[PDB]
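J.: Structure file coords22.cif (mmCIF, C-alpha atoms) right here:
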data_upload
loop_
_atom_site.group_PDB
_atom_site.id
_atom_site.type_symbol
_atom_site.label_atom_id
_atom_site.label_comp_id
_atom_site.auth_asym_id
_atom_site.auth_seq_id
_atom_site.Cartn_x
_atom_site.Cartn_y
_atom_site.Cartn_z
ATOM 1 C CA UNK A 201 -0.218 8.700 32.970
ATOM 2 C CA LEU A 202 -0.490 11.516 30.364
ATOM 3 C CA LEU A 203 1.176 10.547 27.104
ATOM 4 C CA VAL A 204 0.254 11.017 23.448
ATOM 5 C CA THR A 205 1.120 7.778 21.691
ATOM 6 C CA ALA A 206 0.019 6.090 18.465
ATOM 7 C CA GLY A 207 -0.965 2.360 19.060
ATOM 8 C CA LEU A 208 0.127 1.404 22.661
ATOM 9 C CA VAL A 209 -1.506 3.980 24.933
ATOM 10 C CA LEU A 210 0.277 3.836 28.263
ATOM 11 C CA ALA A 211 -0.364 5.095 31.798
ATOM 12 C CA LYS B 3 9.388 31.709 6.062
ATOM 13 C CA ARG B 4 6.570 30.468 8.294
ATOM 14 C CA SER B 5 3.307 29.499 6.622
ATOM 15 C CA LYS B 6 -0.253 29.111 7.877
ATOM 16 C CA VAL B 7 -2.952 26.459 7.527
ATOM 17 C CA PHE B 8 -6.505 26.004 8.798
ATOM 18 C CA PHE B 9 -9.027 23.416 9.972
ATOM 19 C CA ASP B 10 -12.796 23.817 9.851
ATOM 20 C CA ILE B 11 -14.272 21.777 12.688
ATOM 21 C CA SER B 12 -17.677 20.122 12.951
ATOM 22 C CA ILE B 13 -19.197 18.337 15.945
ATOM 23 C CA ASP B 14 -21.882 15.827 14.968
ATOM 24 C CA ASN B 15 -22.398 17.574 11.624
ATOM 25 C CA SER B 16 -22.614 21.017 13.256
ATOM 26 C CA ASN B 17 -19.913 23.545 12.402
ATOM 27 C CA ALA B 18 -17.954 24.572 15.492
ATOM 28 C CA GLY B 19 -15.641 27.057 13.833
ATOM 29 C CA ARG B 20 -12.242 27.525 12.249
ATOM 30 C CA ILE B 21 -8.747 27.101 13.659
ATOM 31 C CA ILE B 22 -5.781 28.816 12.029
ATOM 32 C CA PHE B 23 -2.262 27.537 12.664
ATOM 33 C CA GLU B 24 1.096 29.145 12.106
ATOM 34 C CA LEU B 25 3.765 26.566 11.294
ATOM 35 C CA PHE B 26 7.334 26.931 12.599
ATOM 36 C CA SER B 27 8.736 26.259 9.109
ATOM 37 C CA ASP B 28 11.932 28.101 10.050
ATOM 38 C CA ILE B 29 12.698 25.664 12.883
ATOM 39 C CA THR B 30 11.305 22.330 11.665
ATOM 40 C CA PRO B 31 10.839 22.722 7.874
ATOM 41 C CA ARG B 32 10.540 19.004 7.260
ATOM 42 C CA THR B 33 7.915 18.400 9.958
ATOM 43 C CA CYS B 34 5.938 21.486 8.952
ATOM 44 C CA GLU B 35 6.015 20.628 5.242
ATOM 45 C CA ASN B 36 4.460 17.245 6.037
ATOM 46 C CA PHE B 37 1.608 18.893 7.955
ATOM 47 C CA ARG B 38 1.075 21.538 5.259
ATOM 48 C CA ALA B 39 0.927 18.891 2.533
ATOM 49 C CA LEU B 40 -1.587 16.888 4.571
ATOM 50 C CA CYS B 41 -3.783 19.985 4.860
ATOM 51 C CA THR B 42 -3.831 20.512 1.091
ATOM 52 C CA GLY B 43 -4.015 16.815 0.215
ATOM 53 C CA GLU B 44 -1.605 17.311 -2.689
ATOM 54 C CA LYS B 45 0.237 14.014 -2.124
ATOM 55 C CA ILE B 46 -0.743 10.450 -3.026
ATOM 56 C CA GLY B 47 -0.449 7.841 -0.280
ATOM 57 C CA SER B 48 0.778 4.247 -0.098
ATOM 58 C CA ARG B 49 -2.691 3.210 -1.202
ATOM 59 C CA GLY B 50 -4.138 5.200 -4.092
ATOM 60 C CA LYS B 51 -5.841 7.959 -2.148
ATOM 61 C CA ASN B 52 -4.371 11.366 -1.345
ATOM 62 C CA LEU B 53 -2.956 11.901 2.147
ATOM 63 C CA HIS B 54 -5.438 14.437 3.477
ATOM 64 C CA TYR B 55 -6.672 15.562 6.918
ATOM 65 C CA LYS B 56 -10.074 16.384 5.442
ATOM 66 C CA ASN B 57 -12.778 14.158 6.936
ATOM 67 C CA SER B 58 -10.371 12.800 9.561
ATOM 68 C CA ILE B 59 -11.388 12.914 13.224
ATOM 69 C CA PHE B 60 -10.028 13.733 16.669
ATOM 70 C CA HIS B 61 -10.133 10.264 18.214
ATOM 71 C CA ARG B 62 -8.721 11.141 21.622
ATOM 72 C CA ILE B 63 -9.436 14.242 23.696
ATOM 73 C CA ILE B 64 -8.439 14.628 27.337
ATOM 74 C CA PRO B 65 -9.641 17.782 29.170
ATOM 75 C CA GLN B 66 -6.861 19.925 30.640
ATOM 76 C CA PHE B 67 -4.351 18.044 28.506
ATOM 77 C CA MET B 68 -4.672 17.846 24.720
ATOM 78 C CA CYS B 69 -6.692 17.007 21.598
ATOM 79 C CA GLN B 70 -5.272 14.251 19.401
ATOM 80 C CA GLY B 71 -6.114 13.546 15.778
ATOM 81 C CA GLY B 72 -4.508 12.871 12.426
ATOM 82 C CA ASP B 73 -4.968 9.105 12.123
ATOM 83 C CA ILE B 74 -5.844 9.399 8.451
ATOM 84 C CA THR B 75 -5.587 5.642 7.831
ATOM 85 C CA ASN B 76 -7.306 3.882 10.766
ATOM 86 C CA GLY B 77 -8.961 6.727 12.677
ATOM 87 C CA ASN B 78 -8.315 5.106 16.059
ATOM 88 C CA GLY B 79 -4.738 6.062 16.859
ATOM 89 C CA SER B 80 -3.052 2.956 15.449
ATOM 90 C CA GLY B 81 -2.504 4.299 11.941
ATOM 91 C CA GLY B 82 -1.085 7.272 10.097
ATOM 92 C CA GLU B 83 1.179 8.016 7.143
ATOM 93 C CA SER B 84 3.377 10.930 6.126
ATOM 94 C CA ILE B 85 4.471 12.306 2.778
ATOM 95 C CA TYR B 86 7.859 10.738 3.596
ATOM 96 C CA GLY B 87 6.537 7.221 4.054
ATOM 97 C CA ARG B 88 5.090 5.329 7.004
ATOM 98 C CA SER B 89 7.283 7.295 9.429
ATOM 99 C CA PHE B 90 10.085 9.835 9.662
ATOM 100 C CA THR B 91 12.781 10.905 12.120
ATOM 101 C CA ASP B 92 12.359 13.474 14.879
ATOM 102 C CA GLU B 93 13.614 16.683 13.255
ATOM 103 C CA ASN B 94 14.609 18.460 16.484
ATOM 104 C CA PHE B 95 13.334 19.443 19.918
ATOM 105 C CA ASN B 96 14.198 23.142 20.011
ATOM 106 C CA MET B 97 10.591 24.175 20.713
ATOM 107 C CA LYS B 98 9.001 23.071 24.000
ATOM 108 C CA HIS B 99 5.402 22.465 25.103
ATOM 109 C CA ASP B 100 5.430 25.677 27.153
ATOM 110 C CA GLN B 101 1.975 27.039 26.334
ATOM 111 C CA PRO B 102 -1.535 26.002 25.354
ATOM 112 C CA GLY B 103 -2.486 25.900 21.674
ATOM 113 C CA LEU B 104 0.711 24.264 20.465
ATOM 114 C CA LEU B 105 0.859 21.732 17.619
ATOM 115 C CA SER B 106 3.020 18.715 18.403
ATOM 116 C CA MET B 107 3.635 15.345 16.771
ATOM 117 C CA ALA B 108 2.195 12.222 18.364
ATOM 118 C CA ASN B 109 4.397 9.145 18.014
ATOM 119 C CA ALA B 110 5.247 5.697 19.373
ATOM 120 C CA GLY B 111 8.770 6.400 20.525
ATOM 121 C CA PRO B 112 11.884 7.828 18.827
ATOM 122 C CA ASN B 113 11.636 8.582 15.106
ATOM 123 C CA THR B 114 8.105 7.297 14.509
ATOM 124 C CA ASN B 115 6.377 10.473 13.314
ATOM 125 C CA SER B 116 3.669 10.025 10.669
ATOM 126 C CA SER B 117 0.477 12.112 10.596
ATOM 127 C CA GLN B 118 -0.934 12.081 14.126
ATOM 128 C CA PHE B 119 -0.657 15.254 16.168
ATOM 129 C CA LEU B 120 -1.896 16.851 19.349
ATOM 130 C CA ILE B 121 -3.012 20.365 20.218
ATOM 131 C CA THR B 122 -2.007 21.272 23.777
ATOM 132 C CA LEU B 123 -4.601 22.667 26.177
ATOM 133 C CA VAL B 124 -1.962 23.455 28.827
ATOM 134 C CA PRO B 125 1.835 23.369 29.080
ATOM 135 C CA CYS B 126 3.092 19.770 28.800
ATOM 136 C CA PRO B 127 6.762 19.920 29.891
ATOM 137 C CA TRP B 128 6.872 16.145 30.406
ATOM 138 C CA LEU B 129 6.535 15.799 26.628
ATOM 139 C CA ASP B 130 9.609 17.951 25.964
ATOM 140 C CA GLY B 131 12.406 16.137 24.181
ATOM 141 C CA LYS B 132 10.053 13.347 23.114
ATOM 142 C CA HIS B 133 7.615 15.129 20.806
ATOM 143 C CA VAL B 134 8.346 17.633 18.067
ATOM 144 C CA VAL B 135 6.493 20.931 18.534
ATOM 145 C CA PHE B 136 5.973 22.503 15.098
ATOM 146 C CA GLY B 137 3.124 24.979 15.307
ATOM 147 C CA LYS B 138 0.827 27.339 17.156
ATOM 148 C CA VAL B 139 -2.901 28.072 17.128
ATOM 149 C CA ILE B 140 -3.004 31.746 16.144
ATOM 150 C CA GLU B 141 -6.758 31.950 15.674
ATOM 151 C CA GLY B 142 -9.642 29.852 16.938
ATOM 152 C CA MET B 143 -8.285 28.761 20.307
ATOM 153 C CA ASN B 144 -11.887 29.252 21.432
ATOM 154 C CA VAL B 145 -12.890 26.564 18.930
ATOM 155 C CA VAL B 146 -10.312 24.260 20.497
ATOM 156 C CA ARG B 147 -11.894 24.861 23.898
ATOM 157 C CA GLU B 148 -15.229 23.748 22.438
ATOM 158 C CA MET B 149 -13.598 20.509 21.266
ATOM 159 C CA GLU B 150 -12.163 19.987 24.747
ATOM 160 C CA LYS B 151 -15.717 19.720 26.115
ATOM 161 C CA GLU B 152 -16.359 16.685 23.888
ATOM 162 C CA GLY B 153 -13.614 14.715 25.608
ATOM 163 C CA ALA B 154 -13.372 12.624 28.768
ATOM 164 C CA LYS B 155 -10.701 11.681 31.322
ATOM 165 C CA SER B 156 -10.359 8.356 29.493
ATOM 166 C CA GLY B 157 -9.808 10.227 26.246
ATOM 167 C CA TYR B 158 -13.000 8.755 24.839
ATOM 168 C CA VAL B 159 -14.812 11.111 22.464
ATOM 169 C CA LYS B 160 -18.570 10.472 22.291
ATOM 170 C CA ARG B 161 -19.593 12.837 19.503
ATOM 171 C CA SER B 162 -17.864 12.992 16.140
ATOM 172 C CA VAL B 163 -15.322 15.830 16.045
ATOM 173 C CA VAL B 164 -14.378 16.126 12.378
ATOM 174 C CA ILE B 165 -12.114 18.297 10.239
ATOM 175 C CA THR B 166 -14.609 19.060 7.466
ATOM 176 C CA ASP B 167 -12.326 21.355 5.505
ATOM 177 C CA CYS B 168 -8.698 22.408 5.591
ATOM 178 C CA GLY B 169 -5.819 23.802 3.584
ATOM 179 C CA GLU B 170 -3.375 26.684 3.477
ATOM 180 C CA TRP B 171 -4.476 30.076 4.716
#
Can I see the file as structure tokens?
T.:
Amino acid sequence: XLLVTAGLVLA
Amino acid sequence: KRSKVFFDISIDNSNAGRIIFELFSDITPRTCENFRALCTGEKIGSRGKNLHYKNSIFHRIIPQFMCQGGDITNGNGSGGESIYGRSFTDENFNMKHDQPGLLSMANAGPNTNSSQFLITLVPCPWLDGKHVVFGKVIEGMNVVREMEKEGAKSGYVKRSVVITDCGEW
């Protein structure tokens, strides 16, 4: 999807 | 109470321009202070080098969404470090992602802020309550649009988008 993470990029 | 900082951006060694940010120091003093300090490079990190955004890159850019950077330790999105240690708590969520050109903290869930951030290219209401918004692009939004063109739907950035200089303004 559209997230802004650091390490496990999800959907 | 609010202060300002800047980034000079280069794309494959070519200067793209300058971006000036106003920090919401009056709303999230702790979060803003971290960012300010990382722009000046005045603090020493866990290693022996100063925590500094200079020479760091934007490793993930998704058109019509946001530009992500700030991984000053691994440069791939897995690292980062703040002047408060490896991570710090979410200060507050008073400000929302209601406009383009906003500075917001990237994280890996509750209270995992470090040095990675994103610059919004459009409103991102789905990020509200999960990411701390602490600043606004007040000059150089056109430079940010140039950076946007270097991205891809996958977030993959082909050319090197680097912060060649930065500090307080």
J.: What do you get, as a VMD selection string, if you spell out every residue that the PyMOL selection byres ((chain B) within 12 of (chain A)) selects here?
T.: chain B and resid 61 to 73 76 to 83 89 106 to 112 114 to 122 126 to 130 132 to 134 155 to 157
J.: Skip region 31-45 of chain B itself and residues of its chain fewer than 2 positions away, then list as a PyMOL selection string all residues within 8 Å of it, counting only C-alpha atoms.
T.: chain B and resi 7-8+25-29+47+52-56+84-86+93+117+136-137+168-170
J.: What does the structure give for the distance between CA of residue 148 (chain B) and CA of residue 58 (chain B), in Å to one decimal?
T.: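 Separation between CA of residue 148 (chain B) and CA of residue 58 (chain B): 17.6 Å.
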J.: What is the CA of residue 123 (chain B) to CA of residue 88 (chain B) distance in Å?
T.: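 Computed distance, CA of residue 123 (chain B) to CA of residue 88 (chain B), equals 27.6 Å.
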J.: Would you kindly translate the PyMOL selection byres ((chain B and resi 12) around 9) into the concrete residues it picks from this file, as a compact mmCIF listing (two decimals) with C-alpha atoms, keeping the file's coordinate frame?
T.:
# COMPACT_ATOMS: atom_id res chain seq x y z
CA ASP B 10 -12.80 23.82 9.85
CA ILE B 11 -14.27 21.78 12.69
CA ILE B 13 -19.20 18.34 15.94
CA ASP B 14 -21.88 15.83 14.97
CA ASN B 15 -22.40 17.57 11.62
CA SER B 16 -22.61 21.02 13.26
CA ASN B 17 -19.91 23.54 12.40
CA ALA B 18 -17.95 24.57 15.49
CA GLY B 19 -15.64 27.06 13.83
CA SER B 162 -17.86 12.99 16.14
CA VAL B 163 -15.32 15.83 16.05
CA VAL B 164 -14.38 16.13 12.38
CA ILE B 165 -12.11 18.30 10.24
CA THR B 166 -14.61 19.06 7.47
J.: What is the distance, in Å and to one decimal place, between CA of residue 90 (chain B) and CA of residue 125 (chain B)?
T.: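 Separating CA of residue 90 (chain B) from CA of residue 125 (chain B) is a distance of 25.1 Å.
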J.: Just need the box for region 201-204 of chain A, edges along x, y and z, holding every atom the file lists for it with 5 Å tacked onto each side, so centre and edge lengths in Å to one decimal, as JSON.
T.:
{"center_x": 0.3, "center_y": 10.1, "center_z": 28.2, "size_x": 11.7, "size_y": 12.8, "size_z": 19.5}
J.: For this structure, which residues satisfy the selection - the PyMOL selection byres ((chain B and resi 103) around 8) - when it is evaluated on the file as given? I want them as a list in words.
T.: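 Output of the PyMOL selection byres ((chain B and resi 103) around 8): residues 101, 102, 104, 105, 121, 122, 123, 124, 138, 139 and 143 of chain B.
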J.: Put those residues in a file: C-alpha atoms, as a tab-separated table (two decimals), keeping the file's coordinate frame.
T.:
chain	number	residue	atom	x	y	z
B	101	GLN	CA	1.98	27.04	26.33
B	102	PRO	CA	-1.54	26.00	25.35
B	104	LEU	CA	0.71	24.26	20.46
B	105	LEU	CA	0.86	21.73	17.62
B	121	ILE	CA	-3.01	20.36	20.22
B	122	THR	CA	-2.01	21.27	23.78
B	123	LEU	CA	-4.60	22.67	26.18
B	124	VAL	CA	-1.96	23.46	28.83
B	138	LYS	CA	0.83	27.34	17.16
B	139	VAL	CA	-2.90	28.07	17.13
B	143	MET	CA	-8.28	28.76	20.31
